[PDB]
Amino acid sequence: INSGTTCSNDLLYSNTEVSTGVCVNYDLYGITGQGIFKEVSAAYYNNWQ
Amino acid sequence: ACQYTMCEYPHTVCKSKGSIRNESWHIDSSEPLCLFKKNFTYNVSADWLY
Ligand SMILES: *[C@@H]1O[C@H](CO)[C@@H](O[C@@H]2O[C@H](CO)[C@@H](O)[C@H](O)[C@H]2NC(C)=O)[C@H](O)[C@H]1NC(C)=O
Ligand SMILES: *[C@@H]1O[C@H](CO)[C@@H](O)[C@H](O)[C@H]1NC(C)=O
Ligand SMILES: *[C@@H]1O[C@H](CO)[C@@H](O)[C@H](O)[C@H]1NC(C)=O
């Protein structure tokens, strides 16, 4: 107990509810803020980004 | 990254053509307090690593 790796949840949804066009809150991978999403076609991300 | 029991004289032993010794750089067969455990992959034919 209280040491190791196999933790319990304690976490939020991880919801696939990316709602574009409106203003939302976000907590993406640690970074928090408010913004508007908009879908686009991009290729500059790599497999660690 | 664990809580290992390291030797006084650690070494490794190659696997392509093994030597007379035995790769004995720890003995901690207790599935010990491992804070981190991971596996990543790399190219076998690449000359340098960084
Ligand atoms: C990371 O890879 C190593 C080597 O591929 C894994 O070690 C093997 O684990 C299996 C199952 O416990 C054993 O039967 C083999 O003898 C091990 N090989 C060696 C060379 O030690 C290791 O389990 C992998 N780790 C994770 C977290 O997947
Ligand atoms: C290496 O380990 C094997 C199996 O335990 C043993 O038979 C052999 O003698 C060991 N080698 C040395 C140099 O002690
Ligand atoms: C890296 O791996 C790829 C896939 O096999 C191979 O084509 C390439 O030659 C490797 N890189 C080097 C420097 O050998």
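Method information in the entry identifies cryo-EM as the source of the structure, with 2.8 Å recorded as the resolution.

## Description of the overall build of chain A
Assigned secondary structure in chain A consists of zero helices and two strands. Across the 49 residues that make up chain A, the buried fraction comes to 4%.

## A word on the overall build of chain B
Broken down by element type, chain B carries zero helices and zero strands. Here the C-alpha atoms of chain B give a radius of gyration of 14 Å, more than 25% beyond the 10 Å that 2.2 N^0.38 yields for 50 residues. Principal-axis analysis of the C-alpha atoms places the extent of chain B at approximately 35 × 30 × 15 Å. By the burial criterion, 4% of the 50 residues in chain B qualify as buried. Sequence-distant contacts in chain B: of pairs separated by 6 or more residues, those separated by 24 or more amount to 32%. For chain B, the exposed surface amounts to about 5,500 Å²; the carbon and sulfur share of it is 55%.

## Here we look at the pairing of strand β1 (residues 23-28) of chain A
All names here are of chain A. Inspection of the sheet shows β1 paired to strand β2 (residues 31-36) by six bridges, in the antiparallel sense. When the sheet's bridge partners are listed, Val24 is paired in β2 with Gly35. Counted along the chain from β1 to the antiparallel partner β2, the turn is two residues long, and its residue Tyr29 has a positive phi close to 55°.

## Focus on the side chain of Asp28 of chain B
Within the buried set, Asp28 of chain B has no salt-bridge partner at all; the shortest N-O distance to an opposite charge, 12 Å, is to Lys37 of chain B. Reaching out from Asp28 of chain B, the side chain makes a polar contact with the side chain of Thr5 of chain B at a distance of 2.5 Å.

## What to know about the state of the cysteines
The full count for this structure, using the stated rule, is one disulfide over all chains. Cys14 of chain B forms no disulfide, and the closest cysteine sulfur to it belongs to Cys7 of chain B, at a distance of 18 Å.

## Points about the site of ligand 3
Residues and elements named next belong to chain B. Close to ligand 3 lie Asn43, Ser45 and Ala46. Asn43 is positioned with one of its side-chain polar atoms (N or O) 2.4 Å from an oxygen atom of ligand 3. A distance of 2.4 Å is found between an oxygen atom of ligand 3 and a side-chain nitrogen or oxygen belonging to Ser45. Taken by itself ligand 3 offers 360 Å² of open surface, and the protein chains cover 28% of this.

## Focus: the environment of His11 of chain B
Residues and elements named next belong to chain B. Residue class for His11 comes out partly exposed when judged on its relative accessible area of 23%. In this structure, the C-alpha to C-alpha distance between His11 and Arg21, residues 10 residues apart in sequence, is 9.3 Å. Once residues lying within four places of it in the same chain are set aside, the contact partners of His11 are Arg21, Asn22, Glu23, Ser24 and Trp25. Within the local environment of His11, its side chain forms a polar contact with the backbone oxygen of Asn22, the two atoms lying 3.1 Å apart.

Quick notes on the rules
- Positions along each chain are numbered from 1 by the written sequence. They may not match the entry numbering, and residues without coordinates are not shown.
- Whichever chain is written first is A, and whichever ligand is written first is 1; the rest continue in order.
- Only some chains of a larger assembly appear here, and every value describes just that portion.
- In computing side-chain properties, one takes all heavy atoms of the structure into account and sets aside hydrogens as well as water.
- By the criteria applied, helices consist of DSSP H or I runs no shorter than four residues and strands consist of E runs no shorter than two, each listed in order from the N terminus.
- Classification of residues uses two cut-offs on accessible area relative to the type maximum, computed with a 1.4 Å probe and protein chains only: under 20% is buried, over 50% is exposed, and between them is partly exposed.
- Note that the radius of gyration is over C-alpha atoms, with the globule rule given as 2.2 Å times the number of residues to the power 0.38.
- In this analysis, two residues are considered to be in contact whenever any of their non-hydrogen atoms come within 4.5 Å of each other.
- Where accessible areas are quoted, they stem from the Shrake-Rupley method and a 1.4 Å probe; at the residue level, only the protein chains shown are allowed to cover.
- We treat two strands as partners when DSSP finds at least two bridges between them.
- This count recognises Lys and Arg as positive and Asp and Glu as negative, with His and chain-terminal groups excluded.
- A side-chain nitrogen of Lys or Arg and a carboxyl oxygen of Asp or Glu constitute a salt bridge if their distance falls within 4 Å.
- Any N or O atom pair separated by 3.5 Å or less is treated as a polar contact, with the protein-specific requirement of one donor-capable and one acceptor-capable atom, and with residues adjacent in sequence counted only for side-chain atom pairs.
- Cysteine sulfur atoms that pair up within 2.5 Å are treated as a disulfide.
- What makes a residue near a molecule or strand is one non-hydrogen atom of that residue sitting within 4 Å of it.

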